[PDB]
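These notes concern the structure reproduced below.
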Protein chains: 2
Amino acid sequence: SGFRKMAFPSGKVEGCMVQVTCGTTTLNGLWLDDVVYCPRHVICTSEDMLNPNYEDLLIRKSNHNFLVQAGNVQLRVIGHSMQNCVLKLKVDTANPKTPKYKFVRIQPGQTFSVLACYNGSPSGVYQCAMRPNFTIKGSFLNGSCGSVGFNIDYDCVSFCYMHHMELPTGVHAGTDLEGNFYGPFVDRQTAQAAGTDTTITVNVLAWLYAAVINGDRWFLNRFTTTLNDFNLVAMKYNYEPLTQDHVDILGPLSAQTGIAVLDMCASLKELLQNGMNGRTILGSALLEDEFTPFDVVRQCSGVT
Amino acid sequence: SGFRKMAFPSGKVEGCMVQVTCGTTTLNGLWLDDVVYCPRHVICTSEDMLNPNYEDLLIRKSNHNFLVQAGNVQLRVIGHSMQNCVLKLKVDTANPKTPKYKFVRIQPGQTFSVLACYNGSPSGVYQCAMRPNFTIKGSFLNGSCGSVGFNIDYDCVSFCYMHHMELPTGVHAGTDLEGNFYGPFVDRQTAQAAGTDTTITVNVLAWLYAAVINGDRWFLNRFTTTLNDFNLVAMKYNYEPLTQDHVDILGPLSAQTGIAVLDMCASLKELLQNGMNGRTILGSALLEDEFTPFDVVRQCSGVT
Ligand SMILES: Cc1ccc(OCC(=O)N2CC[NH+](C)CC2)cc1
Ligand SMILES: Cc1ccc(OCC(=O)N2CC[NH+](C)CC2)cc1
């Protein structure tokens, strides 16, 4: 029993973290096979951070300008290319600790683990969700750029996020491992606003199921609702619309608890309308939306 | 910026996890040098779980009765001994992935990372605190026994916790790596009640400092208090007494923010008396007590 915000074990990713230095800028790179991936803004100077022309900045750069260190030992860079907002540095050594891996672009509401790194060294692991406004709410200090987000399927690491920057509001933006930003963000030192940070409804429902499974059931009510009625309440409370695809994904949690998805929606509706009244669910005084249905099944079944 | 419940990177501990099987019971062991540590209740049968006499159960056991698997490969057990509530299994192979390590017994209020494991395989990492009643609030399914709690000092792993059991209330009890239970708990299938789960005051203050550092400052008030006045309020709200030792430890957070410790205590006093009024701090609707002053400095300074 017990329900914790739980990250994937980070060992497989720790073995991929390197330091990349260009000029006076040091951040993190991900070393998979004979390629090191990092934020392209590693080449950026104070002058150009406002309106950087990355193709022009890169003309001034050679292989030997990129210093790649894996521990207290240097890697030889034998090629470099820009793919969207990432640099790929070809090195002469395949990372011997390269795990089975994929690059995936996640949808908003999907959760992943972040290994926060500084100078190619892991400092910490935490769990977070791609917000519906394509920001994440991380913990990133200067030097954390190139830190990655991942999910682990048994022994296969799916890399979904590379950290690039902090918005003036102190929320975080980054790319997939093809260098494409989540959301409308650009690797530029211009004020950029996030849109509405809506609540991930399906994830709240999953965590309500986790709560019932773990014996926190005070909030279960006598009501049901319909997807249309629920969604009217959702929209009013800045909750993402619930689709039949979401209802389908919640099916196994429904089956385990014997609580129909629409019944749990009606319980959530009353929690939105009435608030928690100083009570907690799974030790939270607000409705948690950074567990997916997959996370709840995983944690409640013990997948390794 | 941003403040996350952050675990230590778990790689160094992943490399120490093994499966231990005695009869039909399988749980986790920690393989350091040529010793495997696990809960002694691995020898326990349905018959004896109510009033197990471990010394008597162990007479019936030989080295070859303990099956130790590290991956899909078996370790040869060449000795076994009981130390308090742990079995030490001597194996013929030193774990080649043995990190620099210590065994430490932590105090209540101290935080650590748990690598939740099943069949010697890591499933997840999360952060938790030794509660003042010497329970922890984990996420442990059957087969998770032998999962360990640790802190990581640069490259040295301090092991502080081994998981042993779940109380009827679904909170968790375990030992240090010398096999001594935290709290008054015994490795026996008898109903055992936890004492008062009080709030770790010093940890709340540390997290209030983290909040200010991260620009969440709405709760800062015009008041100060004294340790005696604060502690009268603390006791009424089931908060642990604040000592001068706690004030001393908060000194650097005081220094960084320019908020005197007693001023932050007065802010906390008003939050206890007035509640949060539907506002959040660092995205929590309640006062978080599972960050130590050390954790806040670490996360707010980027230690690897
Ligand atoms: C995409 C990106 C990459 C690198 C950046 O570096 C920020 C920087 O160097 N500053 C320090 C001095 N401040 C006054 C201005 C910002 C910012 C954004
Ligand atoms: C310290 C400890 C070690 C092993 C335990 O195993 C519990 C068990 O086998 N049960 C399953 C069947 N239940 C009806 C009764 C409990 C319990 C406590």
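Because only heavy atoms are used, hydrogens play no part in the values below, and waters and symmetry mates are left out as well, while side chains stay in. The chains referred to below are lettered A, B, ... by the order of the sequence lines, with proteins before strands, and numbering in each begins at 1. As the structure lists them, so they are numbered: ligands from 1, and atoms in each ligand from 1.
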#### Entry: Identity and distance of the protein heavy atom lying nearest atom 4 (C) of ligand 1
A:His41 CD2, 4.1 Å
### Task
Give the C-alpha distance, both sets of side-chain angles, the deciding distance and a yes or no for salt bridge (charged side-chain N to carboxylate O under 4.0 Å, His left out) between A:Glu290 and A:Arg131.
CA-CA 9 Å; A:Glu290 297 201 353; A:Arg131 302 311 311 172; 2.9 Å; yes
### Task
State whether a side-chain donor-acceptor pair under 3.5 Å links A:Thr135 with A:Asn133.
yes
### Query
Which class fits the ring pair B:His163 and B:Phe140: parallel under 30°, tilted 30 to 60°, perpendicular over 60°?
parallel
### Message
For atom 14 (C) of ligand 1, is there a protein heavy atom at a distance under 4.0 Å?
### Response
no
### Within-4.5 Å side-chain heavy-atom neighbours: A:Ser301 and B:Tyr118
no
### Message
With the threshold set strictly below 4.0 angstrom, can you tell me whether any protein non-hydrogen atom sits that near atom 9 (O) of ligand 1?
### Response
yes
### Query
Nearest protein heavy atom to atom 1 (C) of ligand 2: under 4.0 Å?
yes
#### Entry: atom 18 (C) of ligand 1 touched by protein heavy atom at under 4.0 Å
yes
### Message
Quiz question: by atom type and distance under 3.5 Å, do the side chains of A:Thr304 and B:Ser123 form a donor-acceptor pair?
### Response
no
### For atom 5 (C) of ligand 1, the option (of A:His164, A:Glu166, A:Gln192, A:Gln189) bearing the nearest heavy atom
A:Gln189
### Task
Determine whether the side chain, the backbone, both or neither of A:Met49 has a heavy atom under 4.0 Å from any heavy atom of ligand 1.
side chain
### Task
Verify the neighbour count for atom CD of A:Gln83: are there more than 12 heavy atoms of other residues, nucleotides or ligands below 6.0 Å?
yes
### Task
Under 4.0 Å from a heavy atom of B:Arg188: give me the atoms of ligand 2 that qualify, with their elements.
1 (C)
